[PDB]
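Neighbour counts run over all protein chains shown; Cβ positions are idealised from the backbone, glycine included. Each value in this text was obtained by applying a stated rule to the coordinates, not by laboratory testing.
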Amino acid sequence: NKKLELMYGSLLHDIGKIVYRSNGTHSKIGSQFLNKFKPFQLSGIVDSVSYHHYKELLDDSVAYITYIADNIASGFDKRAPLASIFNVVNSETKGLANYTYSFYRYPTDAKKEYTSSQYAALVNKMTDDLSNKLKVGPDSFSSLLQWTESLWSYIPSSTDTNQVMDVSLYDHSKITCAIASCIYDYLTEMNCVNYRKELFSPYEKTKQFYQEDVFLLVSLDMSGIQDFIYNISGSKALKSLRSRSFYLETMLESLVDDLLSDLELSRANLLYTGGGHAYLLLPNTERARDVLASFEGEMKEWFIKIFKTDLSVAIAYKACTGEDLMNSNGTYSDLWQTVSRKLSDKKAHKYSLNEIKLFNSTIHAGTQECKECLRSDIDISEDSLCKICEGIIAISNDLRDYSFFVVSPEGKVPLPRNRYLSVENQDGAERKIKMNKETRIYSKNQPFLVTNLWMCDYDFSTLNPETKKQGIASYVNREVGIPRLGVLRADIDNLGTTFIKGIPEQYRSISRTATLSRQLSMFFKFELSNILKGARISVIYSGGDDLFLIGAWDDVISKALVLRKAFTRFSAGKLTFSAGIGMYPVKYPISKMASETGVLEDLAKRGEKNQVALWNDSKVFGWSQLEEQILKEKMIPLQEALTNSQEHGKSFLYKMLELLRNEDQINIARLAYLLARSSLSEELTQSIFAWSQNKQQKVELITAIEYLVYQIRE
Amino acid sequence: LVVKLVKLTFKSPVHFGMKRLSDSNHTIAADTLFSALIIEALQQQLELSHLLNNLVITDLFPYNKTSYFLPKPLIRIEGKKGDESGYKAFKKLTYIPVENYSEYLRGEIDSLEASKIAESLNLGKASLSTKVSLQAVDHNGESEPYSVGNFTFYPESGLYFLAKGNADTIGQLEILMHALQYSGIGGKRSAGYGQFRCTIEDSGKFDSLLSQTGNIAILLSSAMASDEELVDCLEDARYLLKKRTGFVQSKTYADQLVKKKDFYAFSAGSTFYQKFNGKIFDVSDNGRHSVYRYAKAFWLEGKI
Amino acid sequence: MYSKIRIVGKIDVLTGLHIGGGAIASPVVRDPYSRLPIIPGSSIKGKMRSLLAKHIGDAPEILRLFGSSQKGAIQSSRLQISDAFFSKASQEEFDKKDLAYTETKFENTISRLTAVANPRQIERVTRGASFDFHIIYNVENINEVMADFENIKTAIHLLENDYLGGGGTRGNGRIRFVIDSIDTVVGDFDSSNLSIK
Ligand SMILES: Nc1ncnc2c1ncn2[C@@H]1O[C@H](COP(=O)(O)NP(=O)(O)OP(=O)(O)O)[C@@H](O)[C@H]1O
Ligand SMILES: Nc1ncnc2c1ncn2[C@@H]1O[C@H](COP(=O)(O)NP(=O)(O)OP(=O)(O)O)[C@@H](O)[C@H]1O
Ligand SMILES: [Mg+2]
Ligand SMILES: [Mg+2]
């Protein structure tokens, strides 16, 4: 188990930095710390921890691989905090910030230092965990990786103030472990018995190995997600939307897990997953390429068997050298762009001739078809429900209660390699893993053979038992206000250009991209639940850079503004997102809801593309314009003034809308007369008249009037 | 083979459905138009030989006051050195004006130009009309609302397409289109949708492009080749498979309404290095008559 | 062979017409682009079908006229009634006099218990308005053209003595039909003798 020893010694190679910061070099401190625990006293682990630098470093030990992986990954005030990754993001345009994390966490820009007492607490926690909970073994490395993620995510990887301390200890350790695994696979494939002569003895060999194409950057993308999730019918579609989204998420996670298990790699090699997309870093071995080809073929066959053209997966990989990961020759972003272009080329020519011929070889007509997704080639049981459809329906009422997802030979919704996904609690997962081996368990947002997935599972109806029966339909149940559902579609702007070109060329590295991706994924899959607290909102999906929310319309707009503020706070102002907000009746077609909200969002993604579209194409405002110039300036005074009115001013607001829609000067005179007869504050009448006179303020006035009318209705 | 431009200006909004009665599509493929033409020929008791043997038609493409729009070719386009998201513009682009078509094939259309082209389309407005069914009320029941997704065109916008064939086929298509003006195309034709008026003329502006020779071929209609041509026509191809579905609209196919066999066809804009001649497939499952699905290929050659 | 008769004309609004469908209290259905009041063809088709079913009384003639989806006896709809759009002459007449196309009607509801009047606002099409209506009759059988047209005449008479949308028992939706022309646009059938209303 030399590979397992290398993984353990590469994930813990810089474990001595915490102890050194807790008051020789960090390698000796790490060796001494790991020598206190019997399971971690393996020769390879200790050699990797204490020998990974040139001055310190059997001619075949894994210490050389760990040293070169640390050099590739990386590219003194102990109290130095962790700098936010967005300090250098888009710094060529918006400048360099100085945001840092305090000991989820938001950077606050303030001047701070990490006290040695906090490091002592971290060291005590690590000492407790390494003995009471953690162990070594082939199947125990995932728990170690999750523990490292839970502990080291906000500790800086390096405290040197000469350069930018963006990368945390967890990101650096995970990237080093992934690179070490790839290099070990590459060396094993090349039958390199001696590691010192291959990598270390002259520095010329080190540079030459830096020249060699050792890694593969792999992109895996799902196609057909929007049509699968949102193009559904029936009155029970709102109760299955989140179930379909969760099913797609878990299928993507199972895809990446099977891919990693094929190559005998851990999840440290999974650079990014989310939004139907996945970036992985594999070895450049022939075994890896054959594994990738076989995986692509078998997943294409499975997706054709189960969904035909409804869903598909495209995989594209590119060979890469160490200087590409280190951006030594300015060829780092070119690698990612080429991978994306190869992925798009794969998505262009998607099927072979035989697959298309079998697609057109239909024997029997559709006959009966399912209520949802209107699918007829699959067998249809009673109640007109397809197998996948009824399995998804069975997944709900279990997803809202149980927090464990079991991929096992028996379950509800099919998954590749003849497996099935079901939802159970701890007892169910334990029984499932004990009955049949090769059964995998995922946990939902659970702090540290269980793989923890970060998902946004915030549903307001599940908080209260009576509203739990009617999931999304309960948000239209209200005493005042129009009974409507708001749909929010949010999307980050120019994220691809932010990754490719936003980071300066001096700071481009695999660790920087990994840290930025992890921060964005943590914000979307974890922080949205915290942001939306106490709101009538269900999150259909939240991952990648997109976001789909369905709730009460007023709650949706308020939480959209709150989300914009929180995203501005998180990204330090370097990232902006656009949004579309639609207002629909209950029983409105969910496919129409999604399509029209996507149209609104795409309307907002024009020009500056930092805008929000509101209910139609004529209400595309800015974020500050909507929050302040529409709600905090026009709607609040008018609402406060018209609350005194006996009828709340519904008819008078209707007359104002009628007068505002027309564009005649005599009708401006009519508006002035109506304001005079309103019997409200004279300064308010003057303000309203001025707002109606001015263009780009009459639209805001109309939006405020309509919002107030919706608020006071039945 | 003479190419005729048929322009359709729509009086009432149209309901072009993809899978639901709430879907409001702005166009129809060659399959829908050819099925409407076959239904019209059966209504007028004409021969089906010219439609089934010598008529090659394109999809229904948008047109506005200024230009005629052709489907976006599925070509490999190169962006800037660091503009990764700009490619999304070319992903959102669906129709390109004819004058700006060749420039797109040569790669001289930028991401901002692609966005300008995408926003320059002025076809019309898609809406969703909510209706009700009061038939159950008279039987001690309740009203049943439903939704119809319609699309209304702007005053000088509409849908054009190109027809290719001999003189007899062209004339028969003139009569069929004249009857189709009053039959209507799309969804609720009997409930106030799909009525249009069509004009058939020559197309010099399109004969300039259809006489062009190049290294790539672009599909102008939803087409698919038989197995023998599919063996060699799929190399280095960039296409998009569309699932053609639906129910059989016929009063004599069977007793009750049933669906036809699932079909898969290449999209309009798919680029091939081998030009395949499609055919008219049968999607009938042991019915009284054979339901036809037109998947012949109308080609536009170009230089990449 | 196959014939289609085009019946164009005007629907004149005798009393304010409200067909349900910014923020307006009970708005009327409108053209999405021009924002002009319309009379959906489905509304006219359903109202005439209900009136003819009341008159005759589904019955076979209703199935010939408005089509049927019944199993076995799948009947094609002979009547295609298009949406009635706001007339251009009525548009010019309403642009003159500075008259809006739609009016707001205020109504009360006096409670049977507390004698308290709940107000309610609806929107109607102004009585001076006219709508250009267009109907296509498909001659699938030549022998029933006279019967189909007398049924259409009965339905049109009932509609002229009925309303078209909204609450017409409370004085809404009264309309009149003026038949500008009845001309056979497709086929050789002679529709000169045919007449509606
Ligand atoms: N599990 C999920 N549930 C709901 N939405 C998701 C989920 N995963 C991803 N998404 C979102 O759904 C979209 C995926 O839609 P698509 O499958 O169409 N992928 P897209 O890039 O848009 O076009 P392709 O080139 O892949 O054919 C993502 O871009 C996200 O916006
Ligand atoms: N946390 C992440 N780390 C790495 N890649 C991500 C992450 N989140 C999303 N992505 C990727 O980010 C891309 C977002 O693509 P989009 O389709 O959203 N277009 P974008 O580049 O954001 O510019 P806009 O047109 O939206 O203004 C996806 O295609 C994903 O591959
Ligand atoms: Mg984005
Ligand atoms: Mg996105």
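Within 10 Å, count the other beta carbons around each residue, average over each peptide in A:158-165, A:626-633, A:214-221, and list them highest first.
Details: A:158-165: 14.5, A:626-633: 18.6, A:214-221: 23.5.
Sorting A:158-165, A:626-633, A:214-221 by mean packing, highest first, produces A:214-221, A:626-633, A:158-165.
Based on the mean of other Cβ atoms within 10 Å per residue, sort peptides A:571-582, C:110-121, C:73-84, A:352-363 so the most packed one is first. Before the final figure, lay out the partial values.
Working: A:571-582: 22.9, C:110-121: 9.3, C:73-84: 21.4, A:352-363: 14.7.
Packing order, densest peptide first, comes out as A:571-582, C:73-84, A:352-363, C:110-121.
Peptide A:352-360 has a mean of 6 when you count, residue by residue, the C-beta atoms of other protein chains within 10 Å of its C-beta. A:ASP227 sits among other residues whose Cβ lies under 13 Å from its own Cβ, and their net charge, with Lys and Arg +1 and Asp and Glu -1, is +4. Using every pair of separate Cα atoms, the Kirkwood estimate puts the hydrodynamic radius of chain A at 28.1 angstrom.
Taking label positions 7 Å along the Cα-Cβ direction at both A:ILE668 and A:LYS632, the computed distance is 3.0 nm, reported to one decimal. Legend: Rg and Dmax of chain C, from Cα coordinates, 18.9, 67 Å. Contact order for the stretch A:550-667, expressed relative to its length and based on alpha carbon pairs under 8 Å spaced 6+ residues apart, stands at 17 percent.
Relative contact order (percent) for the stretch A:372-438, with alpha-carbon contacts under 8 angstrom and 6 or more residues of separation? List each step's numbers first, then the result.
Details: 80 pairs, mean separation 16.0, N = 67.
This gives 24 percent for the stretch A:372-438.
When DSSP beta bridges are restricted to pairs lying wholly in the stretch A:340-490, around 75% turn out antiparallel.
Computed over the Cα atoms of the stretch C:38-103, pair by distinct pair, the Kirkwood hydrodynamic radius stands at 14.3 angstrom. Based on DSSP H segments of at least four residues, each scored -39500 (n - 2.57), the protein assembly as shown has a per-residue ellipticity at 222 nm of -11000 deg cm²/dmol. Label zone (B:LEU48, point 7 Å along Cα-to-C-beta; backbone nitrogen cut-off 17 Å) within the stretch B:271-298: B:279-296.
Run the Debye formula on the Cα coordinates of the stretch B:110-185, all scatterers equal and no solvent, and tell me log10 I(q)/I(0) at q = 0.13, 0.24, 0.25 1/Å. Scattering profile of the stretch B:110-185, log10 relative to I(0): -0.77, -1.10, -1.13.
Per the Kirkwood formula on distinct C-alpha pairs, the Rh of the stretch B:1-81 is how many angstrom? Please list the in-between numbers first.
Numbers: mean 1/r = 0.0633 Å⁻¹.
It works out to 15.8 Å.
Could you state, as a whole-number percent, how many of the C-alpha pairs of chain B are farther apart than 29 Å? Of all Cα-Cα pairs in chain B, 38 percent lie more than 29 Å apart.
Between 0 and 90 degrees, the angle of helix B:167-183 with respect to the longest Cα principal axis of chain B falls at about 50 degrees. Normalised radius of gyration (Cα atoms, divided by 2.2 N^0.38 Å) for the stretch A:499-615: 1.16.
Each residue in A:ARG419, C:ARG127 was given a count of other beta-carbon atoms within 10 angstrom of its own, and listing them fewest first yields C:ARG127, A:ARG419.
Just tell me the longest site-free run in chain B, where the sites are GluC sites (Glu not before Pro) in a DSSP loop having at most 16 other beta-carbon atoms within 10 Å. Within chain B, the longest run free of exposed GluC sites (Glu not before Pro) spans B:157-234.
How many angstrom lie between the Cα centre of the stretch A:473-531 and the Cα centre of the stretch A:644-676? So the separation of the two Cα centres works out to 40 Å. Packing, taken as the mean count of other beta carbons within 10 Å per residue, orders the peptides A:468-475, A:11-18 from highest to lowest as A:11-18, A:468-475. Placing one equal scatterer on every Cα of the protein assembly as shown and applying the Debye formula, the log10 ratio I(q)/I(0) at q = 0.04, 0.05, 0.07, 0.08 Å⁻¹ is -0.27, -0.42, -0.80, -1.02.
Within the set of other residues whose C-beta is less than 12 Å from the C-beta of A:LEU199, count the net charge using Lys and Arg as +1 and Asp and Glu as -1. Provide the component values of the computation, followed by the final result.
Values: positive: A:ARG196, A:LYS197, A:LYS205, A:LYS207; negative: A:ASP59, A:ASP60, A:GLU198, A:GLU204, A:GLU212.
Net of charged neighbours comes to -1.
What does the charge count near A:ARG478 come to, summing +1 for each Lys or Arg and -1 for each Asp or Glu among other residues with Cβ under 15 Å from its Cβ? Net charge around A:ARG478: -2.
Diagonalise the Cα gyration tensor of the stretch C:130-183 and give the resulting equivalent ellipsoid semi-axes, square root of 5 times each eigenvalue, largest first, whole Å. Semi-axes (√(5λ), whole Å): 26, 13, 9. Scaling against 2.2 N^0.38 Å puts the C-alpha radius of gyration of the stretch A:217-315 at 1.17.
Let me check I have the definition right: for the stretch B:89-128, take the eigenvalues of the Cα gyration tensor, multiply each by 5, take square roots. What are those semi-axes in whole Å, largest first?
Details: eigenvalues 92, 23, 11 Å².
So the three semi-axes of the stretch B:89-128 are 21, 11, 8 Å.
Calculated on the Cα set of the stretch B:147-304, radius of gyration then Dmax: 18.0, 51 Å.
Between A:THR108 and C:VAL178, the simple label model (points 7 Å from Cα in the Cβ direction) yields a spacing of 7.7 nm.
In summary, the stretch A:59-152 shows an alpha-carbon radius of gyration equal to 1.42 times the 2.2 N^0.38 Å reference for compact globular proteins. The share of Cα pairs per 5 Å bin across the stretch A:560-664, counted from zero up to the longest distance, runs 2, 11, 14, 17, 18, 17, 12, 6, 2, 0 percent. Panel values: the stretch C:82-197, Kirkwood radius from alpha carbon pairs, Stokes-Einstein at 10 °C and 1.306 mPa s, translational diffusion coefficient 90 µm²/s. In this structure, the amide hydrogen of B:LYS131, modeled 1.01 Å from its nitrogen in the peptide plane, lies closer than 5 angstrom to those of B:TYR146, B:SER147, B:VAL148, counting only residues at least 5 positions away or on a different chain.
Restricting the count to DSSP beta bridges whose residues both fall in chain A, what percent are antiparallel, rounded to a multiple of 5? Walk me through the intermediate numbers first.
Details: 63 of 70 bridges.
Around 90 percent of the beta bridges assigned by DSSP in chain A are antiparallel ones.
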